[PDB]
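A single chain, nothing else alongside it, follows as structure tokens in the form deposited in one PDB entry.
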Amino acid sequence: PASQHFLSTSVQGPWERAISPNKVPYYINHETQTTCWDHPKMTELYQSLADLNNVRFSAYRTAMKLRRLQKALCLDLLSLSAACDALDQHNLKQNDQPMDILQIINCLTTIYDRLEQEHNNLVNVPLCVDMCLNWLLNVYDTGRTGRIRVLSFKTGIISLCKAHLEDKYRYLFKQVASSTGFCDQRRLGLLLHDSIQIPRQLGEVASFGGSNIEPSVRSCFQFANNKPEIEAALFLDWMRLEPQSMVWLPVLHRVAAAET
């Protein structure tokens, strides 16, 4: 893998970055002679998230965890316009198609290079690429296949970027709606399924209705009076009620506004 040279500096000390057969990275600890699938800095972040386990309300606890992760990945510096610029340059338009590890890296590298030139040593590019990469594979490729759907990549980065909440909602709805702006139950399910993997990766899916989002699709279509398809305004109106499957997202925004 030609990208190995570039991302080998994301680790040091006793650690060494390596690659599996499906091009998925893994890390070697020489002092302790062990191996781990997660980047050492990501492990340290996941473990630190237990210091939030006594935060009382589920939506608020999960948002504070995702705020810390978002900042560790520098995704709070990424505007929706800049993300769309990178998605556009890498031709990621077919949302049902797979992206492999090198396409993930390439798109992340354009994103973090640009963030680095706008922010003063806030950004170490090889490090940021490799940690975001590890987050995305922990969320969407738990089978270690070396690929994720383009819809999935878009859902993770846009849910954690710095855009206004309604702009994220409009953008995600547009990724699953038809070319004329309509969504049926199947298409809404695609969006809610990718979204629910984010809290699921943190061990919190039980407070967001669980891993089957079919009850949440049915509830939105019931709210829409059982019509065969809905448009973005109706979706935005349902989201104002903060449905349980997605309530961690508006709460993440309240978290960031409150300062953290």
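Numbers follow the displayed sequence, beginning with 1.
Peer 1: In the PDB record, does 91 to 99 or 147 to 155 carry the higher mean Cα temperature factor?
Peer 2: That would be 91 to 99.
Peer 1: Quick one: higher average CA temperature factor, 61 to 69 or 36 to 44?
Peer 2: Per the PDB entry, the higher value belongs to 36 to 44.
Peer 1: Quick one: which of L241, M246, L236, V24 has the biggest Cα B-factor according to the entry?
Peer 2: Highest C-alpha B-factor among the listed options: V24.
Peer 1: Which is it among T180, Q185, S79, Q175: the one with the largest CA B-factor in the entry?
Peer 2: Checking the PDB record, the top C-alpha B-factor among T180, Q185, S79, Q175 is at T180.
Peer 1: Can you tell me which third, lowest, middle or highest, the CA B-factor of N54 falls into for its chain?
Peer 2: It belongs to the highest third of the chain when residues are ordered by C-alpha B-factor.
Peer 1: Which third, lowest, middle or highest, does the C-alpha temperature factor of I28 belong to within its own chain?
Peer 2: Within its chain, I28 is a highest-third residue by C-alpha B-factor, going by the deposited values.
Peer 1: Using the B-factor values recorded in the entry, state whether the Cα atom of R218 falls in the lowest, middle or highest third among the modelled residues of its chain.
Peer 2: Its C-alpha B-factor belongs to the middle third of this chain's values.
Peer 1: So where's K168 on the chain's Cα temperature factor ranking, which third?
Peer 2: Its C-alpha B-factor, which the entry lists for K168, ranks in the lowest third among residues of this chain.
Peer 1: Within this chain's modelled residues, let me know which third the CA B factor of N212 belongs to: lowest, middle or highest.
Peer 2: For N212, whose C-alpha B-factor we compare with every modelled residue in the chain, the answer is the middle third.
Omitted from view is the form deposited with a partner chain bound, to which the following refers.
Peer 1: Kindly confirm or deny that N54, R56 and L249 each have some heavy atom within 4.5 angstroms of its partner chain in the deposited bound form.
Peer 2: No, because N54, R56 and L249 lack any heavy atom that approaches its partner chain to within 4.5 Å in the deposited bound form.
Peer 1: Using a 4.5 Å heavy atom cut-off, which of 64 to 72, 210 to 218, 230 to 238, 27 to 35 contacts its partner chain in the deposited bound form?
Peer 2: Contact-bearing stretch, as computed: 27 to 35.
Peer 1: Report yes if any heavy atom of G181 sits within 4.5 Å of a heavy atom of its partner chain in the deposited bound form; otherwise report no.
Peer 2: Contact with its partner chain, no.
Peer 1: Even though its partner chain is not shown here, does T142 get within 4.5 Å of it in the deposited bound form, heavy atoms only?
Peer 2: Yes, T142 lies within 4.5 Å of its partner chain in the deposited bound form.
Peer 1: Is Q12 close enough to its partner chain in the deposited bound form to count, meaning some heavy atom within 4.5 Å?
Peer 2: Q12: no contact with its partner chain in the deposited bound form.
Peer 1: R200: heavy atom within 4.5 Å of its partner chain in the deposited bound form?
Peer 2: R200 belongs to the contact set for its partner chain.
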